[PDB]
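As structure tokens, the structure follows; a few thoughts come after it.
Cβ sites come from the backbone with ideal geometry, for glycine too, and all protein chains shown count toward neighbours. What follows is calculated from the coordinates using simple rules that are stated; it is not laboratory data.
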Amino acid sequence: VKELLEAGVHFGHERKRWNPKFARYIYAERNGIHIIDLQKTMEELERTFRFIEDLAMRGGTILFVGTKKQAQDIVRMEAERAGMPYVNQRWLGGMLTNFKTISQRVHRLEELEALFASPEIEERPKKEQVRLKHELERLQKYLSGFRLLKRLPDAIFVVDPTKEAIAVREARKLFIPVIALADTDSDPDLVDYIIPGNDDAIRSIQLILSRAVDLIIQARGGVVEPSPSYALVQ
RNA sequence: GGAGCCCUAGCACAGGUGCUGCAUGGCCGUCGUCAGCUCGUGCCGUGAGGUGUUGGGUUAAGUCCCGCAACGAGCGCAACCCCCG
């Protein structure tokens with residue numbers, strides 16, 4: 001089930017590379033590797049979810065990041081089925097602070113979505129049409145998952161604040177609550193709602209997301225079927 | 001008697017390739033057709049400021065890509081002009 005399944009092979013993050021605030025989240029250093037306790041998970045996986053249900057109902061919004069490939073393609077699908085924004089490829093500065101300013105790149109799509117139907121293809125000639133294609137392509141690609149926010153979020157969900165603190169400290173200046181999955185390499189002082197564990201365990205990912213999104217759907221109504229991401233493993 | 005025009009006398013005068021391009025306006029060359037010059041928002045710094053323009057690669061090129069606390073734009077490259085296929 002929860003930790004029952006998790007208790008399988010989905011913990012323990014690296015070895016002799018850590019930031020000594022995970023002291024209250026580590027069982028033992030047995031056999032060289034560092035191992036994260038799971039009694040504390042439940043004692044921390046609750047309060048997290050518990051106060052999502054205080055926020056998931058009142059129309060709050062959530063952000064999913066994942067500039068690590070072994071989570072990039074996962075956040076992807078698990079974000080649409082969630083219906084909440086996401087930044088799969090790579091995050092870049094300002095998104096939450098320069099919300100107005102980043103949006104012009106998104107609004108651009110509106111002034112670019114006019115084209116692919118409207119009678120200016122016959123007007124707008126090719127040499128800039130062609131070389132704007134990839135521009136439109138790479139504009140959508142890096143920004144799909146942000147093309148659906150004009151209101152600024154109500155949360156942040158991060159696979160690894162060590163990898164994505166750059167997208168956290170932005171939220172931190174906005175007094176916007178920040179949640180994140182944390183590993184032995186993390187820094188569990190800046191995260192508001194802690195979800196410790198191995199973030200680079202490809203396995204310890206897919207199950208985290210549905211179980212995270214299951215609350216999203218259950219907040220909205222009618223849990224469904226996710227995606228058997230096991231094929232994305234080996 | 002008067003307007004214009006002409007010559008002769010007094011004028012106000014103009015006139016000078018005389019001087020200073022180290023006093024200037026305008027115009028011209030060099031770097032150089034080099035590829036650089038900057039702004040709005042954001043971030044780092046007490047602050048001047050930095051980032052953006054830096055790193056790898058590519059091209060005639062700040063041309064473009066990856067990454068990057070940055071994302072976009074303006075002047076410039078280009079292209080809109082002309083001759084040839």
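Please give the charge dipole size of segment A:111-205, origin at the Cα centre, charges +1 on K and R Cβ atoms and -1 on D and E Cβ atoms. Round to the nearest 20 debye.
Roughly 380 debye, rounded to the nearest 20.
P(r) for chain A, please, calculated from all Cα pair distances in 5 Å bins and given in %.
In whole percents, the pair-distance histogram is 1, 6, 13, 17, 18, 15, 11, 7, 5, 3, 2, 1, 0, 0.
For chain A, what is the charge dipole size about the Cα centre, in debye to the nearest 20, if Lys and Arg each add +1 at the Cβ and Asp and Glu each add -1 at the Cβ?
Once rounded to the nearest 20, the dipole reads 560 debye.
Can you tell me which of A:206, A:129, A:218 moves the most in a GNM of chain A? Springs connect C-alpha atoms under 10 Å apart.
Taking springs between Cα atoms under 10 Å, the residue moving most is A:129.
Excluding residue A:110 itself, calculate the net charge of residues whose Cβ lies under 13 Å from the Cβ of residue A:110, where each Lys or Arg counts +1 and each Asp or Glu counts -1. All intermediate terms of the calculation are to be shown ahead of the outcome.
On the way: positive: A:105, A:108, A:147, A:150; negative: A:111, A:113.
Residues close to residue A:110 contribute a combined charge of +2.
Specify the longest stretch of chain A that does not include any exposed loop site, a site being one of the trypsin sites (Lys or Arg not before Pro) with a non-H, G, I, E, B DSSP assignment and at most 13 other Cβ atoms within 10 Å.
A:174-234
Mind checking the angle between helix A:126-143 and chain A's longest principal axis? C-alpha axes, 0 to 90 degrees, to the nearest 10.
20 degrees
Test of understanding: in a Gaussian network model of chain A with alpha carbons linked when under 10 Å, which of A:144, A:103, A:118 would top the mean-square fluctuation ranking?
Looking only at A:144, A:103, A:118, the biggest GNM fluctuation is shown by A:118.
Segment A:92-149: D in µm²/s via Stokes-Einstein (Kirkwood Rh, Cα pairs, 20 °C, 1.002 mPa s)? Spell out each step's value before the answer.
Working: Rh = 12.4 Å.
Using the Kirkwood radius from Cα pairs, D works out to 172 µm²/s.
Determine the shape class of segment A:186-234: with a ≥ b ≥ c the square roots of the Cα gyration tensor eigenvalues, call it rounded for a/c under 1.5, and otherwise prolate if a/b is greater than b/c, oblate otherwise.
The shape class here is oblate.
Please pull out the direction-averaged projected area of segment A:1-73, using the convex hull of its alpha-carbon atoms, in nm² to one decimal place.
Across all orientations, segment A:1-73 yields a mean hull projection of 6.9 nm².
Toward the positive end of the charge dipole of segment A:1-114, about the Cα centre and with charges on Cβ (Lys, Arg +1; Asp, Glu -1), which of A:10, A:84, A:55 goes farthest?
A:10
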